[PDB]
Structure formats: C-alpha cells, structure tokens
C-alpha cells in the first residue's frame, strides 16, 4: 500500500507544473529565507496545496513537517474550533531552529465575512512566529483586510500538455506501459484534476497489464 498521489507529490517548487509565474516569485522567497503571509487563489485541483507543501520543504529542509500544519478553514464546527487549533499549534516555538511555522488554511473563502474577521485576528495575534497560507477559489471572496495582509498568487488551470508530460514521467518511474489512446482516455477522465488522474493511473497499473482506454473506463466504473 503506497499512494502515488503522495509518492509523486512535488518535493520542491520546481516540481510543480503549470504555474510558472507563481513558482518563480515563490522561489525568490526561498532564496531570501522568508515569506510574508500568503494568499493562494485558483480553481480546485490546480496545485495550491501541493505548492504550499513544496514551499515548506524548500524553506525548512527534510524536517519540514515539524513546522507545518494543514487544516480546513470550513470545518463544520465553526471558526472558533479552527481558531483553537491554530492557537495550539502556534504556542510552541518553531522546532529545529526554523525561523517560523507555517499554517496552511484550505477553503478560507467558504468563511462568512464574520468568521474571516475572527480569523484575521488570530492571524495578527501570531504574525511573528507563524506564517499563514490561505487557500481560496476566488480572491473576491476574501475580505479586504486579509487580501492586503497577504502576498497574492493566482493559480491557473493546468494545460493538457502539462498533465500529459507529468503522467508520462510517473509511468516511466513505475514501469507502466500505457498506449497512446489509454493516455488520452486517462486525460479525458481527469477533468483537469491531477489527483483523480494519478489515482486512476495507479488502479489501472495494479491490474498488471498494458493500460489502454478500456482499462481506464474499467477503473473509472469501479470508482
């Protein structure tokens, strides 16, 4: 049991695909060994979480998990639960001499404007010791006080070519034999989503044979 979604997750910023503008800017922050609070904006599955993790790794080295946490801001128990979690993580010093800790907050734009103000307090309460990376689908859905407190990064849909080239790399690494039409079927099914595509590729490969379009629809009927 191995999940290729994780085995083939970007380990460094250069390994994120289809977001070159954002990556160049982000790499300059690692060069300077510091980030401001960050707002990542774009369609689901474009790699916002992946680039946050790749940034943490570049910033902190192999012990990055010690100083990085992920949580969903739209927790069904309300903003005060999320805010409590943030307090707990924040109140110990960074581990291993890292300059700060990173909190990735997913789906921050599903917060009401009230919750967002609440969350903006907590964010300010910890600005020296922690850095926040907020994820959202639309900038316009994040309150102005948060927008101006952050460097903004707009993620774009990843092009078919970029997905194709990456899936091929993964096939090469795992010794998967896939036909041309199999690869086209896999891209079709992806819907632009790398997680869906890689999951399907792993299931198709587990069969043990040449992967074609029929194997793709078979995997996908059993989703």
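Residue numbers count along the first chain shown, from 1.
- Relative to one another, 147-155 and 109-117 have unequal mean CA B-factors, and 109-117 is the one with the higher figure.
- In this entry, the higher average B-factor at the C-alpha atoms falls on 118-126, of the pair 67-75 and 118-126.
- Placement of the Cα temperature factor of residue 100 within the chain: middle third of the modelled residues, per the deposited record.
- Among all modelled residues in its chain, residue 177 ranks in the middle third by Cα B-factor.
- For residue 48, the recorded CA B-factor ranks within the lowest third of the chain. Only modelled residues enter the ranking.
- In the PDB entry, a CA B factor belonging to the lowest third of its chain's modelled residues is recorded for residue 17.
- When the CA B factors of the chain's modelled residues are split into thirds, the value for residue 133 lands in the lowest one.
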